[PDB]
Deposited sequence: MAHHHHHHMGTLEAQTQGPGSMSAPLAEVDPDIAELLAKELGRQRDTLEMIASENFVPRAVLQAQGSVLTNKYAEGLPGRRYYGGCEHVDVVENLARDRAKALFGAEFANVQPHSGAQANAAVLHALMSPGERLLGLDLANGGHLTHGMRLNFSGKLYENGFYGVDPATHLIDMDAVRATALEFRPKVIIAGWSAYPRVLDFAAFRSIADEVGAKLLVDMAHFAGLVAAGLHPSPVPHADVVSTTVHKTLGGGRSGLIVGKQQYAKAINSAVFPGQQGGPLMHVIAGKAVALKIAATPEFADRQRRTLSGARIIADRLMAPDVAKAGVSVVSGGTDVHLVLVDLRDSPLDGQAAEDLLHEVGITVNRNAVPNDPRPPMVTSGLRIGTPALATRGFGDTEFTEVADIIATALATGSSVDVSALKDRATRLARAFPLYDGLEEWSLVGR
């Protein structure tokens, strides 16, 4: 019967589609700033029989019996998260980054109260106040932005807005910003007006883990994150913070927002948190940051500047480069389509270019120099662009750094 039959026998169309997606990941150059590649050991945990266990509640205080082994798993994930980030408390049950943020706002505020965050047009996430999301539907929203001249967040301007609006919760965090936030200034402003401070570090958490971006943990009431993105793990969420919020946050995740947690995915969170403390992971983060600096420099060279293309803030200190196309012949969709022709996946008069996934695959400075030159030539040279010559150079790079070499022979366990 079908309980022990391979996927190839049970569902031939899904088996073929898994093979096609693996091929696409191997053949293309992935430069979406929010994406990465999980290690073999995380695939194994996500494919485990822990999916079968119902574990509503917390370790040692569950609805049902038989949780002895999954309770040790959840405690390894909590205790590794506290140690890696230097936090007082952790909850490792959120299903996603969005579900982590819904639980934090449930714990710290009530419907109708005031929420202050970074504007969508200026680099914020949809969970920081967008009108159709829970963050906009339930709460009264105010926003801060970036200085129009420097393109940096001006903390004197944030201060004046907070004193006027008097928010209950202030969010620091972003989906598209190219520099380092001042967490000590955010703490000072929240204290003045009696607000709680949430930092949403989803994009930059792996930089924090390796010691290459300043930590928000000393300064924040609560910190939310994805375990995917720069942290390099399986698709899910996580919360850490000060001890005084432990009961508020636990009760908001369950039974506030969720039912049963995904215990196979929590096992993978413990694995990713162990990898994130290693010297190998720290070097990978350094190759990420050096690649982003190499691309930003190449796009500020005379040929690109003359075509009307500019780099937002004049550089980067993080894992991505933000590009403004409004004075060039290209719009965002046209630039995205042209890069697809030469084998590169990015996202959109703006364009965002990221380096985490290529660093994980093994690219260093020589390789990022070649990738930057391919992009610059496409954006600068207009009608005279040789798509075919640029595609062959991209496929040469991909072929030289194999992805998931040997996956076709790997076991579920052992």
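**Student:** No C-alpha coordinates anywhere in a stretch? Then put that deposited-sequence range on the list, in order along the chain.
**Tutor:** The deposited sequence has unmodelled segments at 1 to 19, 368 to 380, 447.
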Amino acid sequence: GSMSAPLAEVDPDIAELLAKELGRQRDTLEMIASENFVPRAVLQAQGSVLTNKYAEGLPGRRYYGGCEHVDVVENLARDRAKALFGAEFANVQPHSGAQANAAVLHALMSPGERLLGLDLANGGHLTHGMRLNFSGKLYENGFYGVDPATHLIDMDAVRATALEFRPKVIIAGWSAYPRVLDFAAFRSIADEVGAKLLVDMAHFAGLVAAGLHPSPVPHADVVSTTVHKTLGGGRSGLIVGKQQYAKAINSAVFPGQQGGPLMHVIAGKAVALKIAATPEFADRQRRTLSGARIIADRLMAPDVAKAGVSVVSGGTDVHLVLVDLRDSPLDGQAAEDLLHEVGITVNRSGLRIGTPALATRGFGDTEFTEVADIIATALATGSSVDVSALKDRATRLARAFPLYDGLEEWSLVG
From here on, numbers count along this sequence of modelled residues.
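**Student:** If you take the mean CA temperature factor per stretch, which one wins between 5 to 13 and 392 to 400?
**Tutor:** Result: 392 to 400.
**Student:** Taking the mean of the C-alpha B-factors per stretch from the entry, tell me the winner out of 94 to 102 and 203 to 211.
**Tutor:** Stretch with the higher mean C-alpha B-factor: 203 to 211.
**Student:** Between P356, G350, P59, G66, which carries the biggest CA temperature factor in the record?
**Tutor:** So the option with the highest C-alpha B-factor is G350.
**Student:** Choose from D71, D79, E140, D154 the residue with the greatest Cα B-factor as stated in the PDB record.
**Tutor:** Max CA B-factor in the entry, restricted to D71, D79, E140, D154: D154.
**Student:** Per the entry's values, where does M263 land by CA temperature factor relative to the rest of its chain, in the lowest, middle or highest third?
**Tutor:** Ranked within chain, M263 CA B lands in the lowest tercile.
**Student:** Tell me, lowest, middle or highest third: where does the Cα B factor of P218 rank within its chain?
**Tutor:** Tercile = middle for this residue's CA B-factor.
**Student:** Grab the CA temperature factor for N52 from the record and place it in the lowest, middle or highest third of its chain.
**Tutor:** As the PDB entry reports it, the C-alpha B-factor of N52 lands in the lowest third of its chain.
**Student:** Would you check the entry's CA temperature factor for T316 and let me know if it's in the chain's lowest, middle or highest third?
**Tutor:** Answer is highest: the recorded C-alpha B-factor places it there.
**Student:** Determine, from the deposited record, the chain-internal third of the Cα B-factor for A252: lowest, middle or highest.
**Tutor:** Within its chain, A252 is a lowest-third residue by C-alpha B-factor, going by the deposited values.
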